[PDB]
Amino acid sequence: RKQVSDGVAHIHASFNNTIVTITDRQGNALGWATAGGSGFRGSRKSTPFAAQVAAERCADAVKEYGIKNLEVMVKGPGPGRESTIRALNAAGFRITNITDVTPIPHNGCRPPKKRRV
Amino acid sequence: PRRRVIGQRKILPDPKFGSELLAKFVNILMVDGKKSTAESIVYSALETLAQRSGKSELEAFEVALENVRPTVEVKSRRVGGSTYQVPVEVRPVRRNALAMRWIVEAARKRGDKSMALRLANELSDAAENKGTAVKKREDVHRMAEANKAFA
Amino acid sequence: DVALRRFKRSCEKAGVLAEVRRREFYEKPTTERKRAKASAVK
RNA sequence: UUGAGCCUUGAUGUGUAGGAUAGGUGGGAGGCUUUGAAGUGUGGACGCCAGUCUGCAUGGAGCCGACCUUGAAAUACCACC
RNA sequence: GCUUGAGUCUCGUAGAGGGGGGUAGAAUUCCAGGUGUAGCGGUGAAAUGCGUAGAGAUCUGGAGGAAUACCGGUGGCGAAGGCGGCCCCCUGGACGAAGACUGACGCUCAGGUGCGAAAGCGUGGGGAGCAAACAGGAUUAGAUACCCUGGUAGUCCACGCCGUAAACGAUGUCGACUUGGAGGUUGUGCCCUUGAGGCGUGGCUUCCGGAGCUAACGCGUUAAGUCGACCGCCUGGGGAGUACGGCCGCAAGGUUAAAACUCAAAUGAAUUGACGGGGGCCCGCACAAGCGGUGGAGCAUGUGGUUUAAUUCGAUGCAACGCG
RNA sequence: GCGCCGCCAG
RNA sequence: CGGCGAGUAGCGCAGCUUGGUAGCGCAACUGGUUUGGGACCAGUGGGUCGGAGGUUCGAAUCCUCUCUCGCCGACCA
RNA sequence: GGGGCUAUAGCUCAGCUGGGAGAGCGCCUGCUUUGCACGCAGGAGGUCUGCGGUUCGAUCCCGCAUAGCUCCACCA
Ligand SMILES: [K+]
Ligand SMILES: [K+]
Ligand SMILES: [K+]
Ligand SMILES: [K+]
Ligand SMILES: [K+]
Ligand SMILES: [K+]
Ligand SMILES: [Mg+2]
Ligand SMILES: [Mg+2]
Ligand SMILES: [Mg+2]
Ligand SMILES: [Mg+2]
Ligand SMILES: [Mg+2]
Ligand SMILES: [Mg+2]
Ligand SMILES: [Mg+2]
Ligand SMILES: [Mg+2]
Ligand SMILES: [Mg+2]
Ligand SMILES: [Mg+2]
Ligand SMILES: [Mg+2]
Ligand SMILES: [Mg+2]
Ligand SMILES: [Mg+2]
Ligand SMILES: [Mg+2]
Ligand SMILES: [Mg+2]
Ligand SMILES: [Mg+2]
Ligand SMILES: [Mg+2]
């Protein structure tokens, strides 16, 4: 198919879920997987394992593109910031960079109100 | 227990074969302290298992155990007011304890004539799979695989 | 795969995400900033 | 750019037996045949990786047929799809 | 008259002090495209919601509002309320240094006047995010809540009004005096400044603690100590900071402020316990790991009840019920 | 995640 | 006066159209859980379908009359 | 009317495939928990009605039978 031998894995690690989107360097998505879509729901969905499994399922579904080197970009606090990067390496990619791109406002917009649980 | 965390003791070897493993198996099978009754049932059932499948007496027994011994099982942890069914590696002693308990439990459910037949069939079943004890093992593994997230 | 990204600890990245999750009323930060440094004592 | 039709020329078909990823039949006994073959290098092609389909090279005239195993038997060529 | 209180001038210093204008970067949301495909989001778990009409994710471009990460500090400034990116303009105060100047010009302050968080109100703008009200989803016996998904006033700006807050140090202002210790911050003087030294002297400020004080807790040179000047305020709990009247306000309400009636208390601090869905550490067949029962059947036995002439009396959560 | 209540005098 | 509708378990309601067998929630009952109440859990039970007559082998169900209770109409003068 | 379409677990819905009945929620056990939910793992549960076609057609040619579905409707 396309000549993509070096892309970027975008890891969106929320508290509730992990989305892994592999893309070319220009930012066009090639494939993706989520902890939510990998047969993990509710409490199991928000685990480092479900994120691992998602990263496995995302490594598959960019086999056709023929990627070898990927930079990793990790958003979010959630479980599976790190279990996702391990899984990408274990799936036989050459991890090149690991940036963190969690957006911090320099003050900015008022967050929602504190939960009273 | 809280303080002194000691248990178990010396056992005699099986009279016939000289196997502590097999002596435990008799104890699982025994009821109401009728050990003579139990070891008669085991020997009858092993005799049949030996002539049926070939092999030695204990060699046939161990093969049945190999196919029912669980590797992992779910526990319960309570982290922050929330019960997770965490899978934990079952120790070697408990490994064959559950194996032996599930075989006996299965054998007592079967609707054959003698316990010795019931048991012999269940040992044969276990050695080839398809039995109720191997279903227990399989079920225990599926439970543990489902909760691999909580490790 | 040495994964020593302790630079995230250095930038207190996870720290800053946790504090920004919900609004802290000015009164509440003041109280915890005062309680933080009263506790910082021999 | 992008479909839709049509023409022409190519490629394509995974019961279980299994030369073995078999659409129906004949003018039906061979032809594509030194606008070169046995065997091997490479690439394209799909995949239920078993395998087949071949271009470009090289080697440089031989691969091949119908038998015996199957519901279905030549795809030995060709012709109607 | 005098210069010690108070003030003026000179030279500097630090500062989120105030008003006005400008601008920067991050982030959220929305909009338009590209890539891409079945989930996203959310929770304790869900669902509502969003998504094949292509969401979420990712990249590009644009719009717009609000707030200024790090610095950042029991740091600073301000009468208090308060004030935090950077730049400029206008402007207030504080402190230090020596020296000159005026000559008690001071302190306090009823009434009065001004300033005064947030919410709220008026008119006109603005509106990203957040979010009373509201709606739906949950939870629950119910759930007009807490949790979730949305979401309007409002939050933002201009001008005006309101005049209140646990507007707190629950501590009025001014002045004097009275053992110490460790810091922070900001000046300034002297000394081999001989390297993020040493010895002084000011201002502001944090913590500890001595005498003293205090019901105690604590306060302790920034006093709640020892005194002086002036002001404000209190007089049992409730009724009530309410009613009536006045004044103020567009309104909401504010402010001033009773009485009848009712009770023998209400209250502060500290003490011993007990308790906690507070914390820490421990134990017991408490749980877990197991094995065998009870609850179903028939019968024995005790009890409740009912019945009876009488069904003698007692035992009644655990710790009465095969018990006296 | 859910956990409401405890008549009068003594 | 005329018209429509309703009458089913203690209460609130399905079922009737289209004949065979009456449901549902709450309440009530017994047991369990609690020191005890509530809640919760597990077991039960309780109606001949307002009254009468008719058709039918058989009527809550279809037809007729009646009682009770609602609702609507009662206009032009 | 004449056509073209779907009509499968009790509910739900895919099954381009001529080599076959699958998921989630109910219901039944087991683990689970102070119980209760919550969650997790097993387990049952049958493909309008007939022919044709055969190498097998929940799956296709053909004809009927169903509710759904739109078009003609001066259907006189
Ligand atoms: K200034
Ligand atoms: K909101
Ligand atoms: K709004
Ligand atoms: K004391
Ligand atoms: K009084
Ligand atoms: K008229
Ligand atoms: Mg005054
Ligand atoms: Mg305001
Ligand atoms: Mg306004
Ligand atoms: Mg306005
Ligand atoms: Mg909300
Ligand atoms: Mg006041
Ligand atoms: Mg204040
Ligand atoms: Mg006061
Ligand atoms: Mg004054
Ligand atoms: Mg002190
Ligand atoms: Mg008043
Ligand atoms: Mg008044
Ligand atoms: Mg136990
Ligand atoms: Mg009994
Ligand atoms: Mg008695
Ligand atoms: Mg007594
Ligand atoms: Mg007792």
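Residue numbers begin at 1 in each chain, while the letters A, B, ... track the order of the sequences.
- Picking from E/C147, E/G41, E/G290 the nucleotide with the shortest atom distance to the side chain of A/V117 gives E/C147.
- The P atoms of E/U222 and E/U179 are separated by 13 Å, rounded to the nearest whole Å.
- In E/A46, the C1'-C2'-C3'-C4' torsion is positive, which places the sugar in the north family.
- Pair assignment for E/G124 gives E/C157, based on Watson-Crick or G-U wobble hydrogen-bonding distances that are each under 3.5 Å.
- In the set E/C40, E/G36, E/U74, the nucleotide with an atom closest to the side chain of A/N17 is E/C40.
- Between the side chain of A/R81 and the main chain of A/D100, no donor-acceptor pair closer than 3.5 Å is present.
- With its glycosidic angle within 90° of 0, E/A223 is assigned syn.
- Distances shown here put every side-chain N or O of B/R3 at or beyond 4.0 Å from the OP1 or OP2 atom of E/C282.
- Using P as the reference atom, G/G15 and G/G23 are 15 Å apart when rounded to the nearest Å.
- In terms of heavy atoms, A/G31 sits closest to A/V62 at N-CG1, 3.5 Å.
- Taking syn as a glycosidic angle within 90° of 0, G/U48 qualifies as syn.
- Of the possible donor and acceptor atoms, one in the side chain of A/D24 sits under 3.5 Å from a partner among the backbone N and O of A/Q26.
- Between A/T21 and E/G36 there is no side-chain polar atom (N or O) within less than 4.0 angstrom of OP1 or OP2.
- Minimum atom distance to the side chain of B/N147 is reached by H/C40, of the listed H/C40, E/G284, E/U35.
- At a cut-off of 3.5 angstrom, the base of E/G284 holds at least one donor-acceptor pair with the side chain of B/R2.
- Across E/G84 and E/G19, the matching P atoms stand 9 Å from one another, rounded to whole Å.
- If you check E/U35, E/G56, E/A132 against the side chain of A/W32, the one that comes closest is E/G56.
- Which of E/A27, E/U68, E/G36 sits closest to the side chain of A/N107 comes down to E/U68.
- With E/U43, H/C40, E/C283 as the candidates, the nucleotide lying closest to the side chain of A/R115 is E/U43.
- Partners of B/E62 according to the salt bridge (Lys or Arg N to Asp or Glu O under 4.0 Å) rule, which considers only residues two or more places apart in sequence or in another chain, are B/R69.
- Here H/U17 is in the anti range [glycosidic angle more than 90° from 0].
- A/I104 comes within 4.0 angstrom of sugar-phosphate atoms only, judged by non-hydrogen atoms across all strands, and of no base.
- For E/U226, the base is anti relative to its sugar; the glycosidic angle deviates from 0 by more than 90°.
- Shown here, D/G5 forms no base pair; nothing in the strands shown gives a Watson-Crick or G-U wobble contact with both key distances under 3.5 Å.
- Nearest to the side-chain atoms of A/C109 among the listed nucleotides E/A27, E/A286, H/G42 stands E/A27.
- In this structure, B/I103 CD1 and B/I28 CD1 are separated by 11.0 Å, a value rounded to the nearest 0.5 Å.
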For nucleotides 30-37 of chain H, print each protein N/O atom paired with a nucleotide N/O atom at under 3.5 Å, atom names and distance only.
from  : atom 1 : to    : atom 2 : distance (Å)
H/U33 : OP1    : B/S76 : OG     : 3.1

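- Judged by the 6.0 Å and 45° rule, A/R44 forms no cation-pi pair with B/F150.
- With E/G36, E/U43, H/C40 as the choices, the nucleotide that has an atom nearest any side-chain atom of A/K45 turns out to be E/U43.
- Judged by the 6.0 Å and 45° rule, B/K16 forms a cation-pi pair with B/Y43.
- The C1' atoms of E/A79 and E/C134 are separated by 44 Å, rounded to the nearest whole Å.
- Base-pair annotation: E/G154 with E/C130 meets the Watson-Crick or G-U wobble criterion (two N/O distances, each under 3.5 Å).
- With E/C130, E/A57, E/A45 as the candidates, the nucleotide lying closest to the side chain of A/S43 is E/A45.
- The main-chain N or O of A/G36 is found under 3.5 Å from a side-chain atom of A/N17 such that the two form a donor-acceptor pair.
- Regarding contacts with the backbone of E/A66, every side-chain N or O of A/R110 stays at 4.0 angstrom or more from both OP1 and OP2.
- Judged by the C1'-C2'-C3'-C4' torsion, which is positive here, the sugar of H/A37 sits on the north, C3'-endo side.
- Base orientation at D/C56 is anti, since its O4'-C1' glycosidic dihedral falls outside 90° of 0.
- The gap from the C1' atom of E/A119 to that of E/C174 amounts to 37 Å, rounded to the nearest Å.
- Remark: B/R78 is not positioned above the aromatic ring of B/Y84, lacking an NZ or CZ atom under 6.0 angstrom from the ring centre and at most 45 degrees off the axis.
- No hydrogens or angles were tested; on distance alone, a donor-acceptor pair under 3.5 Å links the side chain of A/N28 to the base of E/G34.
- One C1' atom belongs to E/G41, the other to E/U149, and the distance between them is 9 Å to the nearest Å.
- Among the atoms of the strands shown, base atoms are found under 4.0 Å from some heavy atom of A/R41.
- Counting only heavy atoms from C-beta on, B/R142 has its side chain closest to H/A41 among H/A41, E/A67, E/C147.
- One P atom belongs to E/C250, the other to E/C231, and the distance between them is 36 Å to the nearest Å.
- Spacing between E/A98 and E/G189 at atom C1', rounded to whole Å, works out to 11 Å.
- Heavy atoms of A/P111 sit under 4.0 angstrom from primed sugar atoms or phosphate atoms, though from no base atom.
- B/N67 places a side-chain N or O within donor-acceptor distance of the main-chain N or O of B/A127, the cut-off being under 3.5 Å.
- Note on B/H141: every side-chain N or O is 4.0 Å or more away from OP1 and OP2 of H/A41.
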